Amino acid sequence: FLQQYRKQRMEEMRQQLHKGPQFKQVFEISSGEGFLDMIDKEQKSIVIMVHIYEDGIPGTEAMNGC
Amino acid sequence: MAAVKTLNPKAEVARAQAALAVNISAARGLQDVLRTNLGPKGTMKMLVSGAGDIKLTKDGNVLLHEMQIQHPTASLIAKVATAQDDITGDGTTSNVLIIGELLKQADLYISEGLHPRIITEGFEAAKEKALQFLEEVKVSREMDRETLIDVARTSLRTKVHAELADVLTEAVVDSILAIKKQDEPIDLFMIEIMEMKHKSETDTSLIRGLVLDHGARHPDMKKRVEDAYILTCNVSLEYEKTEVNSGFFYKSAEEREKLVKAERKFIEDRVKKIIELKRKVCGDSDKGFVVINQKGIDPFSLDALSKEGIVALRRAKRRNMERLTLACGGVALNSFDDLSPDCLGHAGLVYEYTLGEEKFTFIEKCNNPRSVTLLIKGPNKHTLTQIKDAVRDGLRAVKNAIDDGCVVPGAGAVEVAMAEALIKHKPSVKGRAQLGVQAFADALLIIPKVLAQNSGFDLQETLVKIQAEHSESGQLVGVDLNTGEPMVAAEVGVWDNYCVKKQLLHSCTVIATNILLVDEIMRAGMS
Amino acid sequence: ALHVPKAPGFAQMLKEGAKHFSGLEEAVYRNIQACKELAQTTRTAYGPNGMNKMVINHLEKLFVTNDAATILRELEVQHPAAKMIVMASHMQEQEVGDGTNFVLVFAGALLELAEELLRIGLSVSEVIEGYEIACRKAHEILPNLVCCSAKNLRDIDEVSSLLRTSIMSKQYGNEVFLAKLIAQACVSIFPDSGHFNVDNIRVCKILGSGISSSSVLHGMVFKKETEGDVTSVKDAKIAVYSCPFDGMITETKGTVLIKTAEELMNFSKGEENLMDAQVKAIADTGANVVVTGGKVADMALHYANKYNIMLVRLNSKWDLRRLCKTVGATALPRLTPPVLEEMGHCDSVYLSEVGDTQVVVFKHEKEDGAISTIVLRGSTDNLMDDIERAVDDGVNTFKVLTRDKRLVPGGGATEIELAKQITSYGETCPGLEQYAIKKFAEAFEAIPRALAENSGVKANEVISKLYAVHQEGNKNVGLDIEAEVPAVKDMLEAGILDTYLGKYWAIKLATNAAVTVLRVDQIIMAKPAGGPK
Amino acid sequence: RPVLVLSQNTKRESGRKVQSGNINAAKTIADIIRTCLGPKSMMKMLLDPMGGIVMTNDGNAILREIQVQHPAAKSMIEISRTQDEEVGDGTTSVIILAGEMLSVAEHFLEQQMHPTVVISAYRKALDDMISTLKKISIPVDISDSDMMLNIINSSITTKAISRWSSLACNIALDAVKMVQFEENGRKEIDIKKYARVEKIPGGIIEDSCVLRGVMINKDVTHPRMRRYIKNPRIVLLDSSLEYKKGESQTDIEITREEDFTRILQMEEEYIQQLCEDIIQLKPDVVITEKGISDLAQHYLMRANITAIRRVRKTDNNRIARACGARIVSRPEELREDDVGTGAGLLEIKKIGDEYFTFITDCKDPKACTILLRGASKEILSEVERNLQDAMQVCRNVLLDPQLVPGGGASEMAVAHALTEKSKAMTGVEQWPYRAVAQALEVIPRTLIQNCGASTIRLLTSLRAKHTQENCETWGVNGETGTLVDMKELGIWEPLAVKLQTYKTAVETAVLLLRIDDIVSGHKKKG
Amino acid sequence: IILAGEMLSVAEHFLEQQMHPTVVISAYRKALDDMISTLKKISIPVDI
Ligand SMILES: Nc1ncnc2c1ncn2[C@@H]1O[C@H](COP(=O)(O)OP(=O)(O)O)[C@@H](O)[C@H]1O
Ligand SMILES: Nc1ncnc2c1ncn2[C@@H]1O[C@H](COP(=O)(O)OP(=O)(O)O)[C@@H](O)[C@H]1O
Ligand SMILES: Nc1ncnc2c1ncn2[C@@H]1O[C@H](COP(=O)(O)OP(=O)(O)O)[C@@H](O)[C@H]1O
Ligand SMILES: [Mg+2]
Ligand SMILES: [Mg+2]
Ligand SMILES: [Mg+2]
């Protein structure tokens with residue numbers, strides 16, 4: 001019954017221990033020009049995931065914490 | 001306003017009496033929802049999921065999980081009920097009812113400026129006294145078949161209607177008595193619960209064997225074997241590649257044919273081992289040979305086995321290895337290095353049943369099976385799920401009654417007796433914790449209240465009648481759900497698990513004490 | 001003082017999109033209304049005078065039929081109670097194959113009368129108890145109403161007469177011809193062994209020549225052509241291979257490692273010689289037709305053409321297994337010549353054109369075999385689909401007859417007799433359950449009422465005449481369709497009969513569905529969210 | 001079109017407003033958990049952004065879950081974390097003390113006193129605070145288990161687990177004592193790695209106990225394994241018991257018919273040889289951090305050996321410490337010293353619907369598992385936090401056998417001592433000296449406020465009592481609001497905890513008093 | 001209001017039974033006439 005995700009619970013268990021110095025937050029882009037000037041920088045090795053959202057609508061808070 | 005709001009402007013804070021009001025309102029809402037579930041006369045709820053799935057249910061835990069609630073205190077109560085269901089398997093609605101009534105009674109005194117700490121102290125003292133009284137009142141009886149049947153009734157009659165509960169009582173009691181070994185813990189993993197969707201809900205029964213949701217994959221294999229030798233194996237009988245990137249090289253078509261022929265020799269060796277063992281064991285045609293493999297079997301091996309009159313099943317469940325070992329009586333094999341008739345299981349009948357696109361295999365007539373299966377039958381998916389939950393609760397109740405050397409009278413009699421004992425013990429408590437003791441007793445009194453209310457009778461009149469009868473006679477009298485008159489639960493046969501009552505007391509008291517001491521609820525993880 | 005706040009407790013804790021219906025009026029009456037509406041939608045297609053309905057699903061696919069199960073399947077039913085009734089009807093279809101509209105109508109009538117009982121002061125528990133008692137009484141009474149049995153199943157005329165009624169509700173105009181076709185197809189199947197397999201009957205739909213040109217073929221027909229040049233065999237000796245008609249290769253990785261010029265020169269010639277030898281060995285066993293489940297190699301096809309071997313390629317493994325059952329061969333896993341036991345035989349195999357469709361026909365001259373095929377003609381795809389549904393209903397009726405041979409009168413006679421007997425029984429028993437028992441009996445009137453409504457006559461006069469005749473003593477009398485005025489006639493004489501098992505299972509399932517719907521008291525619907533399927 | 005010296009999103013604040021904002025932010029941080037100090041504290045519910053719920057009255061747990069934008073609050077949070085990491089207790093006390101010292105420093109900042117003078121006075125005060133705490137301390141005989149139990153009880157009497165005080169104290173003391181270790185002349189405790197706390201929801205808290213060994217959530221690989229062994233010999237491994245590819249590319253080339261079968265047979269023979277090398281030492285249990293092949297399972301079963309696979313590395317280390325084994329990677333190098341003899345029982349039993357492996361009868365185990373059973377996950381998490389506090393206090397006492405009176409007695413004694421010493425300053429630093437000395441009265445004041453009694457009269461009486469000669473142990477009863485000698489109430493705390501709290505609070509005040517300009521908005525500029 | 005609701009409720013049964021509403025209306029009017037007659041019959045006098 002490996003497909004029932006027995007290891008999922010313990011994965012959450014040791015994912016709870018984030019770090020010592022707080023846990024920070026998710027960065028927010030102020031403007032489209034800001035988006036462009038933070039996106040053209042850095043190197044290829046850096047992987048970026050970006051989330052579009054609005055307040056109140058379902059699903060944003062859960063995956064934001066994720 | 002608040003300090004947290006000053007530090008985090010977009011924060012939600014509930015301080016001082018606001019936190020108590022929020023928690024008590026949430027608990028009272030949950031209690032109001034779950035009042036109509038207690039007892040066999042409780043109403044049945046239908047829950048529709050997002051995808052449109054229909055689920056008829058009456059369990060407290062199932063209702064809590066599939067009820068659209070997004071409250072913190074509700075989350076804590078749901079976690080407590082989840083633990084209660086996980087360990088004991090019963091007493092989930094009673095947990096929520098007792099927590100809610102505890103909080104309401106505590107609020108009734110807190111609203112007069114009383115600090116919650118005094119109420120918590122009274123709760124702890126009352127819990128200790130109630131635990132002592134429960135130890136005093138339990139009935140230590142040798143668990144024969146009649147007592148187990150009575151306990152299974154007291155569970156399933158609440159879970160399902162009358163005749164279905166009557167069938168399930170015999171089913172679960174017989175299954176537990178079949179798998180139970182003297183002076184050993186009961187392994188509930190050995191009762192495989194199978195679902196079929198082709199008959200009425202009362203056609204569910206117990207099979208003294210095993211039922212597999214998969215059948216033979218070769219059309220030429222026999223559909224029914226009278227006398228069977230069971231070979232439980234965990235060997236990949238299909239084609240497997242070399243781990244070190246073998247690859248083939250040839251210079252002609254004939255060489256390619258030779259390589260193709262010789263590439264399956266490794267599998268054909270163990271197939272020949274199986275065939276030779278079968279031929280040695282049963283040289284006649286009376287006795288059949290059944291092979292159950294946890295790993296797959298390629299069509300070549302299937303044909304080679306079927307040519308010898310051997311029925312083989314592939315991709316069996318992992319727990320089915322132990323289930324077949326305990327039921328048929330063989331030895332599970334991870335390799336055919338040295339296999340002998342001593343490792344072969346025995347089954348007095350093996351036949352395959354077909355239901356639409358799904359094929360089922362029955363392995364019955366075992367000598368003394370230590371692992372049986374329950375076949376759930378019904379015309380609907382929601383009916384199957386409801387019967388599944390009822391059977392789970394009944395099995396847990398019977399196992400708890402077997403493990404515990406005692407059993408507790410039901411119908412709310414023990415709650416009434418605990419409340420009266422707590423009232424009598426109240427003067428012994430020093431200080432204002434007597435108020436907490438009284439609140440705890442009144443909270444314990446909720447079960448007969450809810451039972452009488454669900455049965456349709458008057459609440460206060462029925463409770464006062466029960467209390468007067470218990471006080472004047474000293475017996476353990478509970479609520480009769482048909483007439484409302486006092487009834488002796490022990491004589492009638494309304495039984496409750498001692499472990500369930502103890503867990504209820506402990507968990508409810510702990511969670512109520514923790515909730516009552518909360519003075520602030522915060523959410524400042526943003527910005 | 002201009003806004004009503006949500007009540008404290010569960011009302012406020014409920015999620016944003018969820019709904020909570022509790023109590024009698026908010027839940028039970030609404031569920032009964034939804035079931036009544038569903039029964040109303042399906043009602044008009046009941047009986048021989050039922051009307052087809054064009055139903056277009058979410059994929060713009062058109063279904064025209066009067067089959068209740070098909071109409072329910074292709075309707076986007078959303079209400080939970082209606083979903084429960086629909087799945088009860090589908091369960092009835094799975095168990096028996098006919099009576100789905102009976103299940104719907106009976107459940108709707110039962111729930112309507114349950115609502116009527118609840119409005120006058122009865123309780124849900126008492127109504128459920130009365131319904132269960134009346135259902136047990138009906139199941140006890142039903143065996144006593146059996147008028148005749150099958151008494152034979154290998155006969156053609158008797159089986160056709162028995163199956164006429166089942167396929168008369170659908171295709172009222174022309175049921176005798178369809179009855180003859182299905183009777184022949186079922187008699188070909190069902191050997192001396194008592195087992196009868198529904199899957200052994202195949203339906204082939206070839207458009208063009210009207211349904212009256214349909215026929216039954218003792219064998220199988222495939223909608224494809226032949227790979228080779230041979231297109232007809234008179235003494236077919238099919239050899240069936242599950243493997244591709246090509247030289248088998250290794251499973252890990254092949255590599256023709258050439259190290260000298262001579263090996264490169266000889267490799268292709270050797271491979272061709274091996275293929276030729278294999279095909280010649282196959283042909284030397286007398287086999288003249290080869291059926292493969294895989295692709296066909298060019299070299300193998302050329303050598304089969306050289307040796308005059310007919311090649312048929314079957315895509316589906318189900319088709320391969322069915323062909324093996326029909327011809328009597330064994331699906332070989334390699335390209336070895338077949339031994340005598342695995343040597344399929346057939347009377348004739350040829351490539352033929354029907355309308356504009358090229359088909360391959362495996363035909364047996366003998367009146368035997370394991371699989372029989374019905375070739376359906378017609379001028380429309382939807383018409384042929386409806387005819388196929390009728391054929392499936394007839395085959396399921398034949399299967400039920402094999403399981404149980406008892407027959408009860410049709411045409412509303414059985415329902416009227418059940419209603420009369422249940423009312424008579426309920427008059428005896430005192431207590432509050434007598435109202436529920438009487439309502440359960442009255443709910444049986446919805447079948448003759450539906451038949452009268454669909455036939456265009458006055459239902460009340462028909463029901464009154466039925467009660468008069470049944471009180472006289474004739475329990476085998478139902479309404480007469482072939483009459484523009486309310487009239488009744490003996491159903492046994494007219495041979496309008498339906499299976500006892502169908503009635504038993506339909507009544508049981510309808511009662512179970514109605515009781516289960518009534519048991520529900522609270523509805524907690526989550527947010528609809530997604531769930532495309 | 002704008003010239004600009006700095007970036008348009010760079011904001012600068014300077015002057016008195018910066019100091020006022022910093023001190024107000026520190027005071028707000030103090031006010032967050034002002035009411036969570038003392039035996040009569042109240043719980044707080046924290047809603048984790050990940051959806052979890054934290055219910056606690058511990059200062060560090062409360063502060064960690066709060067996201068703040070004012071960076072002085074960030075400094076305070078870091079201070080709380082530092083206090084929690086260093087000693088494990090005194091987390092609320094350090095925050096409250098830092099807030100009080102920053103308030104009394106703002107008092108002088110209202111006047112024309114430079115912050116450096118206040119900082120120098122604070123550092124002199126801190127030195128004298130350390131001296132006074134060292135003076136009024138008393139020694140402890142660690143061999144007296146009753147004294148250790150009383151110390152742990154005084155440590156955990158202010159938490160939820162205080163109801164089951166004796167049970168919690170015994171669990172913590174036993175765990176710390178059996179985890180204590182010494183090797184190669186080095187003495188260590190290492191509570192963080194060993195002494196794992198495993199919580200299983202359900203049951204009753206009274207059933208919780210510290211196991212004489214290690215328990216893991218694992219089951220036997222094969223059903224026919226033995227689930228109950230009397231005196232097992234445990235062998236621990238890292239390398240898997242499977243057939244794995246080599247590091248280098250090792251493509252084969254097969255041209256003969258029998259080479260495929262030979263390759264597969266050699267795979268089987270290699271597995272058999274590995275299993276035989278394991279079997280040679282005749283063990284009873286084999287534990288692997290990685291997978292075990294089915295053929296390896298069969299070969300071990302042929303020798304009647306119980307095999308468990310995919311065990312975490314930390315759990316394997318804990319088992320090695322408990323049963324006295326040594327983890328071995330290559331089975332061919334397995335030696336008798338590496339076989340774990342000393343485990344007195346191994347049993348796989350079912351709890352709820354899960355299987356748990358118990359090695360719980362080891363003689364002289366150097367690692368333990370604390371099995372917690374309770375109402376739910378949140379209750380067990382709070383119990384685990386309380387147990388962590390208890391074990392940290394126990395290890396602090398073991399490392400430093402000094403104690404000082406609790407319940408505000410030490411605070412008042414140190415305040416009086418520094419006030420008396422300040423009479424000879426005869427300078428300008430005497431005022432901040434006296435202010436920071438008297439700021440220690442916030443702990444007794446907070447205790448009285450949480451108790452609900454009258455602050456002014458009780459605190460005046462406490463000060464008057466402390467003005468006498470032999471009264472350094474006179475604190476305040478936190479649950480009755482009356483003055484009482486703490487050598488009768490028996491509430492004591494480790495000297496290390498008080499020293500760390502005082503030092504951290506004073507350094508926090510010093511750090512926040514040195515800031516008079518805030519620049520924000522600039523990019524990281526990596 | 002309750003009386004009208006009940007009358008329409010009991011009429012719906014006949015409208016669903018292939019009965020034209022005019023017959024129901026005629027029966028309702030006859031019933032109303034007889035109701036008025038019966039009410040006038042069972043009345044009692046009162047001296048003001
Ligand atoms: N036949 C009966 N007569 C009277 N009381 C009953 C009967 N059956 C069960 N009960 C009472 O109902 C309670 C069980 O309620 P139940 O719905 O099972 O709640 P939970 O699922 O939380 O245990 C028991 O405390 C028992 O005393
Ligand atoms: N010639 C006929 N005269 C009267 N009734 C008939 C005749 N033929 C069929 N029926 C009735 O039609 C009913 C079948 O309805 P049908 O449309 O098949 O619904 P279902 O498919 O759900 O069974 C049977 O109960 C039968 O009594
Ligand atoms: N029984 C008691 N009476 C009075 N004061 C007490 C008592 N027990 C503990 N204290 C005081 O409470 C403080 C512990 O409070 P606590 O909630 O643990 O704060 P922290 O988490 O910062 O240590 C100690 O400084 C001690 O002086
Ligand atoms: Mg229960
Ligand atoms: Mg029909
Ligand atoms: Mg502390």
# chains A, B, ... in the order shown; residues from 1 in each chain; ligands from 1

$ residues_near_ligand --ligand "ligand 3" --cutoff "9 Å" --atoms "only C-alpha atoms and all ligand atoms" --output "PyMOL selection string"
chain D and resi 36-41+57-60+84+88-96+153-159+389+405-411+443-444+447-448+475-481+486+489-493+497-498+501

$ residues_around --residues "range 27-42 of chain E" --least-positions-apart "2" --cutoff "12 Å" --atoms "only C-alpha atoms" --output "PyMOL selection string"
chain E and resi 4+7-8+10-11+14+19-25+44-45

$ write_last_selection --atoms "N, CA and C atoms" --output "short mmCIF file (atom, residue, chain, number, x, y, z; two decimals), in the first residue's frame"
data_model
loop_
_atom_site.label_atom_id
_atom_site.label_comp_id
_atom_site.auth_asym_id
_atom_site.auth_seq_id
_atom_site.Cartn_x
_atom_site.Cartn_y
_atom_site.Cartn_z
N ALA E 4 -56.62 28.26 1.05
CA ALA E 4 -56.38 28.31 -0.39
C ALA E 4 -55.20 27.43 -0.78
N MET E 7 -56.45 23.86 -0.74
CA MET E 7 -57.33 23.57 -1.87
C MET E 7 -56.54 23.40 -3.16
N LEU E 8 -55.55 24.26 -3.39
CA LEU E 8 -54.72 24.09 -4.58
C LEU E 8 -53.88 22.82 -4.49
N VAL E 10 -54.75 19.97 -3.04
CA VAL E 10 -55.59 18.82 -3.38
C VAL E 10 -56.09 18.89 -4.81
N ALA E 11 -56.10 20.06 -5.44
CA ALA E 11 -56.44 20.14 -6.86
C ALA E 11 -55.31 19.61 -7.74
N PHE E 14 -55.62 16.06 -9.01
CA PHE E 14 -56.49 15.79 -10.15
C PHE E 14 -55.94 16.38 -11.44
N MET E 19 -57.37 15.32 -15.66
CA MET E 19 -58.66 15.97 -15.46
C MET E 19 -58.53 17.44 -15.80
N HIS E 20 -59.44 17.93 -16.64
CA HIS E 20 -59.39 19.32 -17.04
C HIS E 20 -59.73 20.22 -15.86
N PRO E 21 -59.08 21.38 -15.74
CA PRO E 21 -59.35 22.26 -14.58
C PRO E 21 -60.78 22.75 -14.49
N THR E 22 -61.53 22.78 -15.59
CA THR E 22 -62.90 23.29 -15.53
C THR E 22 -63.79 22.40 -14.67
N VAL E 23 -63.60 21.08 -14.75
CA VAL E 23 -64.37 20.17 -13.91
C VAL E 23 -64.04 20.40 -12.44
N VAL E 24 -62.76 20.58 -12.13
CA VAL E 24 -62.35 20.87 -10.76
C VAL E 24 -62.98 22.17 -10.28
N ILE E 25 -63.03 23.17 -11.16
CA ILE E 25 -63.61 24.46 -10.79
C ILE E 25 -65.10 24.32 -10.52
N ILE E 44 -75.71 30.04 15.17
CA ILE E 44 -76.56 30.29 16.33
C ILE E 44 -76.77 31.79 16.47
N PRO E 45 -77.93 32.23 16.96
CA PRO E 45 -78.17 33.67 17.12
C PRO E 45 -77.55 34.20 18.40
#

$ residues_around --residues "residue 185 in chain B" --least-positions-apart "2" --cutoff "10 Å" --atoms "only C-alpha atoms" --output "ChimeraX atom specification"
/B:180-183,187-188,399,402-403 /D:349-350

$ interface_residues --of "chain A" --to "chain D" --cutoff "10 Å" --atoms "only C-alpha atoms" --output "ChimeraX atom specification"
/A:16,20-25,42,61-66

$ write_last_selection --atoms "C-alpha atoms" --output "PDB file, in the first residue's frame"
ATOM      1  CA  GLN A  16       7.888  21.078  10.500  1.00  0.00           C
ATOM      2  CA  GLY A  20      16.567  28.043  13.727  1.00  0.00           C
ATOM      3  CA  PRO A  21      16.356  31.743  12.764  1.00  0.00           C
ATOM      4  CA  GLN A  22      12.630  32.178  12.093  1.00  0.00           C
ATOM      5  CA  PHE A  23      11.194  31.076   8.747  1.00  0.00           C
ATOM      6  CA  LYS A  24      11.145  34.308   6.673  1.00  0.00           C
ATOM      7  CA  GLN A  25       8.351  34.848   4.144  1.00  0.00           C
ATOM      8  CA  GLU A  42      21.149  36.107 -11.605  1.00  0.00           C
ATOM      9  CA  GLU A  61      -3.266  30.778   1.581  1.00  0.00           C
ATOM     10  CA  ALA A  62      -2.630  27.024   1.600  1.00  0.00           C
ATOM     11  CA  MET A  63      -0.165  26.990  -1.279  1.00  0.00           C
ATOM     12  CA  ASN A  64       1.367  30.233  -0.004  1.00  0.00           C
ATOM     13  CA  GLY A  65       2.248  28.460   3.233  1.00  0.00           C
ATOM     14  CA  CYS A  66       3.421  25.528   1.124  1.00  0.00           C
TER      15      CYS A  66
END

$ residues_near_ligand --ligand "ligand 1" --cutoff "6 Å" --atoms "only C-alpha atoms and all ligand atoms" --output "ChimeraX atom specification"
/B:37-40,59-60,90-94,154-155,158,410-412,479-481,494

$ interface_residues --of "chain A" --to "chain C" --cutoff "12 Å" --atoms "only C-alpha atoms" --output "VMD selection string"
chain A and resid 56 to 59

$ write_last_selection --atoms "C-alpha atoms" --output "PDB file, in the first residue's frame"
ATOM      1  CA  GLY A  56      -9.891  36.246  -0.509  1.00  0.00           C
ATOM      2  CA  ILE A  57     -10.133  33.710  -3.352  1.00  0.00           C
ATOM      3  CA  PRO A  58      -9.760  30.044  -2.324  1.00  0.00           C
ATOM      4  CA  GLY A  59      -6.492  28.152  -2.489  1.00  0.00           C
TER       5      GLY A  59
END

$ select_by_dssp --residues "chain A" --states "alpha helix (DSSP H)" --output "tab-separated table (two decimals) with N, CA and C atoms, in the first residue's frame"
chain	number	residue	atom	x	y	z
A	6	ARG	N	2.16	6.53	3.15
A	6	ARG	CA	2.46	6.35	4.56
A	6	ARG	C	3.56	7.30	5.01
A	7	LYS	N	4.59	7.48	4.17
A	7	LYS	CA	5.69	8.38	4.49
A	7	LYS	C	5.30	9.85	4.45
A	8	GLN	N	4.11	10.18	3.95
A	8	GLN	CA	3.69	11.57	3.87
A	8	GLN	C	3.60	12.22	5.25
A	9	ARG	N	3.05	11.49	6.22
A	9	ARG	CA	2.88	12.06	7.56
A	9	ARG	C	4.23	12.39	8.18
A	10	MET	N	5.17	11.44	8.13
A	10	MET	CA	6.50	11.69	8.69
A	10	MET	C	7.28	12.71	7.87
A	11	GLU	N	7.00	12.81	6.57
A	11	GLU	CA	7.58	13.89	5.77
A	11	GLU	C	7.15	15.24	6.30
A	12	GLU	N	5.85	15.39	6.58
A	12	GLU	CA	5.38	16.61	7.23
A	12	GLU	C	6.03	16.78	8.60
A	13	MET	N	6.22	15.67	9.32
A	13	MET	CA	6.78	15.74	10.67
A	13	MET	C	8.18	16.33	10.67
A	14	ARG	N	9.06	15.89	9.77
A	14	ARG	CA	10.38	16.52	9.81
A	14	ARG	C	10.48	17.71	8.87
A	15	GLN	N	9.42	18.03	8.13
A	15	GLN	CA	9.35	19.32	7.45
A	15	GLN	C	8.87	20.43	8.38
A	32	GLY	N	5.61	45.70	-12.34
A	32	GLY	CA	6.08	44.93	-13.48
A	32	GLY	C	7.52	45.24	-13.84
A	33	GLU	N	7.91	46.51	-13.73
A	33	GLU	CA	9.31	46.86	-13.91
A	33	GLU	C	10.19	46.18	-12.87
A	34	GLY	N	9.70	46.11	-11.62
A	34	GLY	CA	10.41	45.35	-10.61
A	34	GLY	C	10.50	43.88	-10.95
A	35	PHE	N	9.42	43.31	-11.48
A	35	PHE	CA	9.44	41.92	-11.90
A	35	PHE	C	10.52	41.70	-12.95
A	36	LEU	N	10.57	42.58	-13.95
A	36	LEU	CA	11.56	42.45	-15.02
A	36	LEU	C	12.98	42.62	-14.50
A	37	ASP	N	13.21	43.59	-13.62
A	37	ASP	CA	14.59	43.82	-13.19
A	37	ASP	C	15.04	42.86	-12.09
A	38	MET	N	14.12	42.09	-11.50
A	38	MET	CA	14.55	40.97	-10.67
A	38	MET	C	14.62	39.66	-11.44
A	39	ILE	N	14.03	39.61	-12.63
A	39	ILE	CA	14.01	38.36	-13.38
A	39	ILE	C	15.16	38.26	-14.38
A	60	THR	N	-5.26	30.24	-2.18
A	60	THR	CA	-4.03	31.03	-2.15
A	60	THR	C	-3.26	30.83	-0.85
A	61	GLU	N	-3.95	30.85	0.29
A	61	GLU	CA	-3.27	30.78	1.58
A	61	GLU	C	-2.56	29.44	1.77
A	62	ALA	N	-3.22	28.34	1.40
A	62	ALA	CA	-2.63	27.02	1.60
A	62	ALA	C	-1.34	26.88	0.81
A	63	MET	N	-1.37	27.17	-0.49
A	63	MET	CA	-0.16	26.99	-1.28
A	63	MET	C	0.85	28.08	-0.99
A	64	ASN	N	0.41	29.22	-0.45
A	64	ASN	CA	1.37	30.23	0.00
A	64	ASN	C	2.18	29.72	1.17
A	65	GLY	N	1.52	29.11	2.16
A	65	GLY	CA	2.25	28.46	3.23
A	65	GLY	C	3.11	27.32	2.73

$ closest_atom_pairs --of "chain C" --to "ligand 2" --cutoff "6 Å" --atoms "only C-alpha atoms and all ligand atoms" --output "JSON lines"
{"residue": "C:46", "atom": "CA", "partner": "ligand 2", "partner_atom_place_in_ligand_line": "17 (O)", "distance": 4.2}
{"residue": "C:47", "atom": "CA", "partner": "ligand 2", "partner_atom_place_in_ligand_line": "12 (O)", "distance": 3.9}
{"residue": "C:48", "atom": "CA", "partner": "ligand 2", "partner_atom_place_in_ligand_line": "8 (N)", "distance": 5.5}
{"residue": "C:67", "atom": "CA", "partner": "ligand 2", "partner_atom_place_in_ligand_line": "21 (O)", "distance": 5.9}
{"residue": "C:98", "atom": "CA", "partner": "ligand 2", "partner_atom_place_in_ligand_line": "23 (O)", "distance": 4.7}
{"residue": "C:99", "atom": "CA", "partner": "ligand 2", "partner_atom_place_in_ligand_line": "22 (O)", "distance": 3.2}
{"residue": "C:100", "atom": "CA", "partner": "ligand 2", "partner_atom_place_in_ligand_line": "22 (O)", "distance": 3.8}
{"residue": "C:101", "atom": "CA", "partner": "ligand 2", "partner_atom_place_in_ligand_line": "22 (O)", "distance": 3.3}
{"residue": "C:102", "atom": "CA", "partner": "ligand 2", "partner_atom_place_in_ligand_line": "22 (O)", "distance": 4.6}
{"residue": "C:165", "atom": "CA", "partner": "ligand 2", "partner_atom_place_in_ligand_line": "8 (N)", "distance": 5.3}
{"residue": "C:168", "atom": "CA", "partner": "ligand 2", "partner_atom_place_in_ligand_line": "8 (N)", "distance": 5.5}
{"residue": "C:169", "atom": "CA", "partner": "ligand 2", "partner_atom_place_in_ligand_line": "17 (O)", "distance": 4.6}
{"residue": "C:410", "atom": "CA", "partner": "ligand 2", "partner_atom_place_in_ligand_line": "27 (O)", "distance": 3.4}
{"residue": "C:411", "atom": "CA", "partner": "ligand 2", "partner_atom_place_in_ligand_line": "5 (N)", "distance": 3.3}
{"residue": "C:412", "atom": "CA", "partner": "ligand 2", "partner_atom_place_in_ligand_line": "27 (O)", "distance": 5.3}
{"residue": "C:479", "atom": "CA", "partner": "ligand 2", "partner_atom_place_in_ligand_line": "4 (C)", "distance": 5.8}
{"residue": "C:480", "atom": "CA", "partner": "ligand 2", "partner_atom_place_in_ligand_line": "3 (N)", "distance": 5.6}
{"residue": "C:481", "atom": "CA", "partner": "ligand 2", "partner_atom_place_in_ligand_line": "3 (N)", "distance": 5.1}
{"residue": "C:496", "atom": "CA", "partner": "ligand 2", "partner_atom_place_in_ligand_line": "7 (C)", "distance": 5.8}
